[PDB]
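Coordinates from input-v5.cif are shown below (mmCIF, C-alpha atoms and all ligand atoms).
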```
data_data
loop_
_atom_site.label_atom_id
_atom_site.label_comp_id
_atom_site.auth_asym_id
_atom_site.auth_seq_id
_atom_site.Cartn_x
_atom_site.Cartn_y
_atom_site.Cartn_z
CA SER A 201 0.00 0.00 0.00
CA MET A 202 1.55 3.34 -1.22
CA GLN A 203 5.09 1.80 -1.48
CA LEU A 204 7.43 2.69 -4.46
CA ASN A 205 9.17 -0.72 -4.61
CA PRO A 206 10.04 -3.18 -7.42
CA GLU A 207 6.49 -4.72 -7.39
CA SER A 208 4.78 -1.28 -7.99
CA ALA A 209 7.43 -0.25 -10.64
CA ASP A 210 6.51 -3.53 -12.49
CA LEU A 211 2.76 -2.64 -12.19
CA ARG A 212 3.36 0.88 -13.70
CA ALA A 213 5.41 -0.78 -16.53
CA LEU A 214 2.38 -3.05 -17.14
CA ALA A 215 0.07 0.05 -17.12
CA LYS A 216 2.38 1.85 -19.62
CA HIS A 217 2.65 -1.22 -21.97
CA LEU A 218 -1.17 -1.66 -21.97
CA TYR A 219 -1.63 2.11 -22.60
CA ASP A 220 0.90 2.13 -25.51
CA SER A 221 -0.82 -1.00 -27.06
CA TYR A 222 -4.31 0.61 -26.59
CA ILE A 223 -3.16 3.75 -28.49
CA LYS A 224 -1.76 1.53 -31.34
CA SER A 225 -4.97 -0.67 -31.55
CA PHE A 226 -7.60 2.08 -30.92
CA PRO A 227 -7.52 4.98 -33.41
CA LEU A 228 -10.15 7.29 -31.78
CA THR A 229 -8.97 7.56 -28.13
CA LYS A 230 -11.30 8.99 -25.47
CA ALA A 231 -9.06 12.11 -25.24
CA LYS A 232 -9.55 12.88 -28.99
CA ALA A 233 -13.32 12.12 -28.65
CA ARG A 234 -13.84 14.52 -25.65
CA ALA A 235 -11.89 17.32 -27.48
CA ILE A 236 -14.30 17.00 -30.46
CA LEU A 237 -17.36 16.75 -28.17
CA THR A 238 -16.38 19.89 -26.15
CA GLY A 239 -15.47 21.98 -29.25
CA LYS A 240 -11.87 22.09 -27.89
CA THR A 241 -10.44 20.50 -31.10
CA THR A 242 -9.59 23.20 -33.69
CA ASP A 243 -9.54 20.09 -36.01
CA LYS A 244 -12.52 19.66 -38.46
CA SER A 245 -16.11 19.85 -36.98
CA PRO A 246 -18.37 16.78 -37.47
CA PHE A 247 -21.76 16.78 -39.29
CA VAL A 248 -24.71 16.55 -36.82
CA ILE A 249 -27.44 14.01 -37.70
CA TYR A 250 -30.42 15.23 -35.60
CA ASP A 251 -33.33 14.36 -37.99
CA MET A 252 -34.19 12.55 -41.29
CA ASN A 253 -33.16 15.61 -43.36
CA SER A 254 -29.68 15.94 -41.71
CA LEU A 255 -29.26 12.11 -41.89
CA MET A 256 -29.59 12.26 -45.72
CA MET A 257 -27.25 15.26 -46.38
CA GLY A 258 -24.74 13.56 -43.99
CA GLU A 259 -25.04 10.07 -45.63
CA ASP A 260 -23.26 11.98 -48.44
CA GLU A 276 -34.90 2.12 -45.10
CA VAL A 277 -33.14 4.31 -42.46
CA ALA A 278 -33.35 2.22 -39.24
CA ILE A 279 -31.93 -0.78 -41.21
CA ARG A 280 -29.08 1.19 -42.87
CA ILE A 281 -28.03 2.60 -39.44
CA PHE A 282 -28.34 -0.92 -37.85
CA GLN A 283 -26.10 -2.42 -40.63
CA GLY A 284 -23.62 0.50 -40.13
CA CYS A 285 -23.54 -0.38 -36.36
CA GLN A 286 -22.78 -4.09 -37.22
CA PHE A 287 -19.99 -3.29 -39.73
CA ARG A 288 -18.37 -1.05 -37.06
CA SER A 289 -19.08 -3.74 -34.41
CA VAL A 290 -16.86 -6.03 -36.56
CA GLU A 291 -13.89 -3.58 -37.08
CA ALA A 292 -14.21 -3.06 -33.27
CA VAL A 293 -13.67 -6.85 -32.85
CA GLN A 294 -10.52 -6.73 -35.03
CA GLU A 295 -9.31 -3.64 -33.05
CA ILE A 296 -9.95 -5.48 -29.72
CA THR A 297 -8.42 -8.85 -30.85
CA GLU A 298 -5.14 -7.02 -31.69
CA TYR A 299 -5.16 -5.34 -28.20
CA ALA A 300 -5.92 -8.67 -26.39
CA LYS A 301 -2.82 -10.23 -28.07
CA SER A 302 -0.69 -7.38 -26.58
CA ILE A 303 -1.75 -8.38 -22.99
CA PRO A 304 1.21 -10.14 -21.25
CA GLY A 305 0.32 -13.86 -20.89
CA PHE A 306 -2.63 -13.86 -23.36
CA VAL A 307 -0.94 -15.61 -26.36
CA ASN A 308 0.63 -18.12 -23.86
CA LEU A 309 -2.89 -19.48 -23.29
CA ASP A 310 -4.83 -22.30 -25.03
CA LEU A 311 -6.04 -20.93 -28.43
CA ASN A 312 -9.56 -22.15 -27.37
CA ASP A 313 -9.41 -20.03 -24.16
CA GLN A 314 -8.27 -17.06 -26.36
CA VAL A 315 -11.26 -17.56 -28.76
CA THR A 316 -13.58 -17.96 -25.69
CA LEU A 317 -12.41 -14.88 -23.69
CA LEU A 318 -12.77 -12.79 -26.93
CA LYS A 319 -16.16 -14.33 -27.86
CA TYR A 320 -17.70 -13.40 -24.43
CA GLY A 321 -15.54 -10.25 -23.98
CA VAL A 322 -15.81 -8.14 -27.21
CA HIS A 323 -19.34 -6.77 -26.61
CA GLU A 324 -18.55 -5.64 -23.02
CA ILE A 325 -15.46 -3.79 -24.37
CA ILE A 326 -17.44 -2.36 -27.35
CA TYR A 327 -20.07 -0.71 -25.05
CA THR A 328 -17.31 0.36 -22.55
CA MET A 329 -15.41 2.21 -25.30
CA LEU A 330 -18.62 3.40 -27.10
CA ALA A 331 -19.16 5.44 -23.86
CA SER A 332 -15.91 7.40 -24.72
CA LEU A 333 -17.77 8.63 -27.89
CA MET A 334 -21.02 9.55 -26.01
CA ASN A 335 -22.30 12.61 -24.15
CA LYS A 336 -25.81 13.62 -22.98
CA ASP A 337 -26.64 14.72 -26.57
CA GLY A 338 -25.47 11.79 -28.78
CA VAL A 339 -22.48 9.80 -30.10
CA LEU A 340 -19.48 10.53 -32.38
CA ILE A 341 -19.45 8.31 -35.51
CA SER A 342 -16.97 7.57 -38.36
CA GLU A 343 -13.87 8.49 -36.31
CA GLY A 344 -15.21 11.93 -35.37
CA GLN A 345 -16.56 13.08 -38.79
CA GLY A 346 -20.22 12.69 -37.62
CA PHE A 347 -22.41 12.96 -34.51
CA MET A 348 -25.88 11.44 -34.27
CA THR A 349 -28.27 12.64 -31.54
CA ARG A 350 -29.67 10.38 -28.77
CA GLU A 351 -33.26 11.61 -29.41
CA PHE A 352 -32.92 10.86 -33.17
CA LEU A 353 -31.79 7.23 -32.48
CA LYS A 354 -34.93 6.94 -30.27
CA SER A 355 -37.19 8.38 -33.02
CA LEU A 356 -36.05 5.34 -35.13
CA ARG A 357 -38.92 2.89 -35.94
CA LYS A 358 -39.55 0.17 -33.31
CA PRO A 359 -37.78 -1.84 -32.29
CA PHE A 360 -34.52 -0.18 -33.57
CA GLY A 361 -34.98 2.89 -31.32
CA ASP A 362 -34.38 0.81 -28.12
CA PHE A 363 -30.88 -0.56 -29.06
CA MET A 364 -28.58 2.39 -28.21
CA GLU A 365 -30.97 3.94 -25.59
CA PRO A 366 -29.68 1.69 -22.69
CA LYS A 367 -26.02 2.28 -23.77
CA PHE A 368 -26.55 6.08 -23.33
CA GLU A 369 -28.01 5.24 -19.84
CA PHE A 370 -24.86 3.15 -19.12
CA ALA A 371 -22.56 5.87 -20.68
CA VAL A 372 -23.77 8.91 -18.65
CA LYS A 373 -23.20 6.99 -15.33
CA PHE A 374 -19.87 5.48 -16.56
CA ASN A 375 -18.55 8.83 -17.92
CA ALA A 376 -19.31 10.44 -14.49
CA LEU A 377 -16.30 8.35 -13.19
CA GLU A 378 -14.06 10.48 -15.51
CA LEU A 379 -11.76 7.58 -16.46
CA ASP A 380 -9.08 8.42 -19.06
CA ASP A 381 -7.45 6.16 -21.69
CA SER A 382 -4.71 5.20 -19.12
CA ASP A 383 -7.50 3.81 -16.83
CA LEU A 384 -9.68 2.24 -19.59
CA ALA A 385 -6.63 0.44 -21.11
CA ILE A 386 -6.18 -1.58 -17.88
CA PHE A 387 -9.95 -1.91 -17.19
CA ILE A 388 -10.53 -3.39 -20.72
CA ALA A 389 -7.73 -5.97 -20.02
CA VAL A 390 -9.39 -6.90 -16.67
CA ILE A 391 -12.65 -7.65 -18.58
CA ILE A 392 -11.04 -9.65 -21.49
CA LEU A 393 -9.27 -11.89 -18.85
CA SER A 394 -12.57 -12.75 -17.01
CA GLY A 395 -12.09 -16.06 -15.12
CA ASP A 396 -15.76 -17.23 -15.50
CA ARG A 397 -16.57 -17.31 -19.26
CA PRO A 398 -18.28 -20.63 -20.21
CA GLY A 399 -16.06 -23.51 -21.52
CA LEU A 400 -12.58 -22.37 -20.34
CA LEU A 401 -10.01 -25.26 -19.99
CA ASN A 402 -7.24 -23.47 -18.01
CA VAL A 403 -9.06 -21.14 -15.52
CA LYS A 404 -6.13 -20.75 -13.00
CA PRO A 405 -3.73 -18.97 -15.46
CA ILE A 406 -6.47 -16.47 -16.62
CA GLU A 407 -7.26 -15.62 -12.94
CA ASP A 408 -3.47 -15.28 -12.21
CA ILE A 409 -3.07 -12.67 -15.03
CA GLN A 410 -6.34 -10.88 -13.96
CA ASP A 411 -5.09 -10.69 -10.30
CA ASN A 412 -2.00 -8.93 -11.77
CA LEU A 413 -4.15 -6.54 -13.95
CA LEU A 414 -6.43 -5.88 -10.95
CA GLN A 415 -3.37 -4.81 -8.86
CA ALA A 416 -2.26 -2.63 -11.82
CA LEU A 417 -5.75 -0.99 -12.09
CA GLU A 418 -6.04 -0.41 -8.30
CA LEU A 419 -2.64 1.35 -8.25
CA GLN A 420 -3.40 3.27 -11.50
CA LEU A 421 -6.71 4.52 -9.99
CA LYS A 422 -5.12 5.51 -6.65
CA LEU A 423 -2.36 7.51 -8.45
CA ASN A 424 -4.63 9.04 -11.15
CA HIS A 425 -7.72 9.82 -8.97
CA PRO A 426 -6.69 11.43 -5.64
CA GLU A 427 -10.13 13.06 -5.00
CA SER A 428 -12.29 9.94 -5.72
CA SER A 429 -12.32 6.90 -3.40
CA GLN A 430 -14.19 3.56 -3.92
CA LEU A 431 -13.63 4.38 -7.63
CA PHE A 432 -11.92 0.93 -7.83
CA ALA A 433 -15.06 -0.62 -6.22
CA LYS A 434 -17.43 1.61 -8.24
CA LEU A 435 -15.52 0.58 -11.46
CA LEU A 436 -15.61 -3.21 -10.81
CA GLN A 437 -19.43 -3.00 -10.27
CA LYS A 438 -19.57 -1.62 -13.88
CA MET A 439 -18.67 -5.15 -15.13
CA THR A 440 -22.11 -6.21 -13.74
CA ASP A 441 -23.99 -3.39 -15.63
CA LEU A 442 -22.02 -4.35 -18.81
CA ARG A 443 -23.13 -8.04 -18.74
CA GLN A 444 -26.78 -6.96 -18.14
CA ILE A 445 -26.48 -4.57 -21.18
CA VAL A 446 -24.99 -7.33 -23.43
CA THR A 447 -27.76 -9.82 -22.29
CA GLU A 448 -30.56 -7.30 -23.05
CA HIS A 449 -28.80 -6.47 -26.37
CA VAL A 450 -28.91 -10.21 -27.41
CA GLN A 451 -32.61 -10.49 -26.42
CA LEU A 452 -33.36 -7.39 -28.58
CA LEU A 453 -31.32 -8.98 -31.47
CA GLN A 454 -33.30 -12.26 -31.04
CA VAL A 455 -36.58 -10.20 -31.49
CA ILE A 456 -35.39 -8.34 -34.72
CA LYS A 457 -34.08 -11.68 -36.20
CA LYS A 458 -37.80 -12.67 -35.80
CA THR A 459 -39.69 -9.36 -36.58
CA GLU A 460 -37.25 -8.56 -39.46
CA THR A 461 -36.74 -11.97 -41.22
CA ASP A 462 -35.85 -10.17 -44.54
CA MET A 463 -32.54 -8.30 -43.74
CA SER A 464 -29.15 -10.07 -43.01
CA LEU A 465 -26.92 -10.11 -39.82
CA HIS A 466 -23.09 -10.36 -40.47
CA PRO A 467 -22.05 -14.04 -40.05
CA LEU A 468 -19.06 -13.33 -37.65
CA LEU A 469 -21.40 -11.77 -34.99
CA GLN A 470 -23.85 -14.73 -35.43
CA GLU A 471 -20.81 -17.02 -34.61
CA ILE A 472 -20.60 -15.20 -31.20
CA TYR A 473 -24.29 -14.34 -30.48
CA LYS A 474 -25.83 -17.89 -30.59
CA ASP A 475 -23.87 -18.78 -27.35
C1 LIG B 501 -25.12 5.83 -40.62
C2 LIG B 501 -23.92 5.26 -39.90
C3 LIG B 501 -24.18 4.98 -38.42
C4 LIG B 501 -22.92 4.87 -37.58
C5 LIG B 501 -22.38 3.45 -37.46
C6 LIG B 501 -21.64 3.17 -36.15
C7 LIG B 501 -20.63 4.26 -35.78
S1 LIG B 501 -20.16 4.16 -34.00
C8 LIG B 501 -21.07 2.82 -33.34
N1 LIG B 501 -20.60 1.63 -33.16
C9 LIG B 501 -21.57 0.81 -32.59
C10 LIG B 501 -21.41 -0.53 -32.25
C11 LIG B 501 -22.47 -1.23 -31.68
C12 LIG B 501 -23.69 -0.59 -31.44
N2 LIG B 501 -24.73 -1.30 -30.76
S2 LIG B 501 -26.15 -0.65 -30.27
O1 LIG B 501 -25.84 0.58 -29.62
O2 LIG B 501 -26.85 -1.68 -29.55
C13 LIG B 501 -27.10 -0.28 -31.72
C14 LIG B 501 -27.74 0.95 -31.77
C15 LIG B 501 -28.57 1.27 -32.82
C16 LIG B 501 -28.76 0.35 -33.83
CL1 LIG B 501 -29.88 0.71 -35.12
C17 LIG B 501 -28.12 -0.87 -33.83
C18 LIG B 501 -27.29 -1.18 -32.77
CL2 LIG B 501 -26.50 -2.72 -32.78
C19 LIG B 501 -23.87 0.75 -31.79
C20 LIG B 501 -22.80 1.43 -32.35
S3 LIG B 501 -22.73 3.09 -32.86
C21 LIG B 501 -19.42 4.27 -36.70
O3 LIG B 501 -18.47 5.01 -36.51
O4 LIG B 501 -19.51 3.43 -37.69
#
```
Rewrite the coordinates I just gave you, this time as structure tokens.
Ligand SMILES: CCCCCC[C@@H](Sc1nc2ccc(NS(=O)(=O)c3ccc(Cl)cc3Cl)cc2s1)C(=O)O
Amino acid sequence: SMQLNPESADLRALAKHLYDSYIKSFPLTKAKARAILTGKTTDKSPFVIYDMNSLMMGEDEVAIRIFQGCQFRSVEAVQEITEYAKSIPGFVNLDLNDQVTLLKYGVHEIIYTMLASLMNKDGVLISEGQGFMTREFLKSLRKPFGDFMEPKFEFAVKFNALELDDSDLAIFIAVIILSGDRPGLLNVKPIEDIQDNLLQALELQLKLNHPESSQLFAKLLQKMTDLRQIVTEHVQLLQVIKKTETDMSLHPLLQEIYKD
């Protein structure tokens, strides 16, 4: 506890490595996002989709185009995340069918975690900061498509109140990926051993980075509960549309994950 020794040094090194890897794997960092969202960036201003009109001009059926755009991005997000996971010390030294498992059950949690970086009260940044689509507009979407992102915005405004930065999220995201309780893991003890290490790293990171804010570590770990709820409810809502809308197509790589 609050001791600058070899053990802590090693933990900071692990924080730094994770951070550096996160920057390399994740193009739109939270820091860039918040700049754009606060008008701080003197870089180019994004187009604001707030209605059907502004959706069209910006594009230069609706609900189904936007849904398919969310699934294409969902899939680049899985490539992004896969790369990161591989950078986590100990990850590639695991059974390739614990790697596939941790990523199968992990990706969606990470996706909604990081999506929060792109969100404020008003909406979400899209296409790497070139666009911004309003919360209320996503709601105005035809049923059932207007209920998908709503609960993410509810998650995001609470989560963003914690004021985590990329440093923090880097380690947090690792903690999630290495979750010791995903179905069908062969070698559970190694995964837990790495996560113990990450969890020490995160605790120390949070103490250093957040002097004013205590039980942040606690308050953060509880977010993993909210995340799993969100993913569950997301699947249930995807089950419905795959019934209601039995005419459109759902990318086959997501279907690989979703069915379990
Ligand atoms: C017209 C293009 C729309 C933007 C496409 C996605 C953006 S960012 C983004 N990325 C994801 C990733 C996942 C989700 N899942 S979700 O919130 O449950 C969701 C909300 C609404 C609809 Cl219609 C479908 C879905 Cl699945 C949403 C998003 S929004 C991008 O940069 O390309």
| query | Within 6 Å of ligand LIG 501 (chain B), counting all atoms listed in the file, which protein or nucleic acid residues do you find, written as a ChimeraX atom specification? | reply | /A:278,281-282,284-286,288-289,341-343,360,363-364
One decimal place gives the CA of residue 330 (chain A)-CA of residue 371 (chain A) separation as 7.9 Å
Sorted per-residue table, region 220-297 of chain A near region 384-403 of chain A, closest atoms and distance, 9 Å, only C-alpha atoms, as a Markdown table:
```
| residue | atom | partner | partner_atom | distance |
| --- | --- | --- | --- | --- |
| A:220 | CA | A:385 | CA | 8.9 |
| A:221 | CA | A:385 | CA | 8.4 |
| A:222 | CA | A:385 | CA | 6.0 |
| A:223 | CA | A:385 | CA | 8.8 |
```
Write a file of the selected residues as a compact mmCIF listing (two decimals), in the frame of the given file, keeping C-alpha atoms.
```txt
# COMPACT_ATOMS: atom_id res chain seq x y z
CA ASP A 220 0.90 2.13 -25.51
CA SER A 221 -0.82 -1.00 -27.06
CA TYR A 222 -4.31 0.61 -26.59
CA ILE A 223 -3.16 3.75 -28.49
```
| Shortest interatomic distance to residue 334 (chain A) - which of A:203, A:349, A:382, A:420, counting all atoms listed in the file |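 Smallest separation from residue 334 (chain A) among the options: A:349.
Taking all atoms listed in the file into account, residue 333 (chain A) lies nearest to A:346 out of the set A:258, A:305, A:321, A:346.
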- Nearest residue to residue 383 (chain A) from the set A:319, A:404, A:230, A:224 (distances using all atoms listed in the file):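 Nearest to residue 383 (chain A): A:230.
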### Query
Between A:316, A:205, A:245, A:461, which one has atoms that come closest to residue 297 (chain A), using all atoms listed in the file?
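Comparing A:316, A:205, A:245, A:461 against residue 297 (chain A), the winner is A:316.
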Nearest to residue 329 (chain A), chosen from A:367, A:466, A:301, A:358, with all atoms listed in the file counted in the distances:
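Selected residue with least distance to residue 329 (chain A): A:367.
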Note to self: Set the distance at 8 Å and use all atoms listed in the file: which residues neighbour residue 246 (chain A) once local chain neighbours fewer than 4 positions away are removed? I'd like the list as a PyMOL selection string.
What the structure shows: chain A and resi 344-347
Residue with the minimum atom-to-atom distance to residue 326 (chain A), picked from A:456, A:446, A:248, A:463 with only C-alpha atoms counted, is A:446
At what distance in Å, to one decimal, does CA of residue 228 (chain A) lie from CA of residue 293 (chain A)?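 Atom-to-atom, CA of residue 293 (chain A) to CA of residue 228 (chain A), that is 14.6 Å.
Interatomic distance, CA of residue 356 (chain A) against CA of residue 292 (chain A): 23.5 Å.
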